[PDB]
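>>> here's a sequence, model it:
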Amino acid sequence: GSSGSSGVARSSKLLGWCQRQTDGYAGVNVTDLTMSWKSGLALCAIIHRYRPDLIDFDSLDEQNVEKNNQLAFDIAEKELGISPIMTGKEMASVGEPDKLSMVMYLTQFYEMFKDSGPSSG
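Numbers count the residues shown, from 1 in each chain. I have put the structure below:
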């Protein structure tokens, strides 16, 4: 979309943020807010990005889909407090999440890392 395009769902405000934050990881390459996350790596790359202690991506394996999720869903609420909307197994089995639910949920993270302390990393 070149300068001029009117309001369009594509490239949602939330997405962008993740596209910039997740930037750097491997395999993540956030392309959508449904499947790209289903894997779990993405979500994990979010918590680690700021707090690598809480969640360890390096350890996590791109093979584990239910784990990557089950973990975040726990770690997040554990420290962050963002209650999980669905279990890892329910997110690893489902064919595809719900745009809305996904965005709404993800937001929680952003709203928390939207204006994080100025202390550069």
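>>> can you list contacts of stretch 70-90?
With CB atoms under 8 Å, 6 or more residues apart in numbering as the test, stretch 70-90 has contacts from 40, 43-44, 46-47, 51, 54-55, 60, 65-69, 94, 97, 101, 105, 108-109, 112. No exception for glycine: its C-beta is placed from N, CA and C like everyone else's.
>>> pull out the buried residues from those.
Neighbour counting by 16 or more other CB atoms under 10 Å classes 40, 43-44, 46-47, 54-55, 60, 65, 67-69, 97, 105, 108-109, 112 among the contacts of stretch 70-90 as buried.
>>> what's the host helix or strand of residue 101 in contact with?
Using DSSP states H and E, residue 101 falls within helix 99-113. The contact list for helix 99-113 (CB under 8 Å, 6+ apart) reads 12, 14, 17-18, 21, 33-34, 37, 43, 46-47, 49-50, 76, 80, 82, 85-86.
>>> how far does it sit from the chain's center?
8 Å (CA atoms, centre = their mean, to the nearest Å).
>>> wait, isn't residue 38 in contact with residue 65?
Yes - contact between residue 38 and residue 65 holds when scored by CB atoms under 8 Å: they sit 7.0 Å apart.
>>> what residues do these two have in common as contacts?
Contacts common to residue 38 and residue 65, judged by CB under 8 Å, 6+ apart, are 91, 92.
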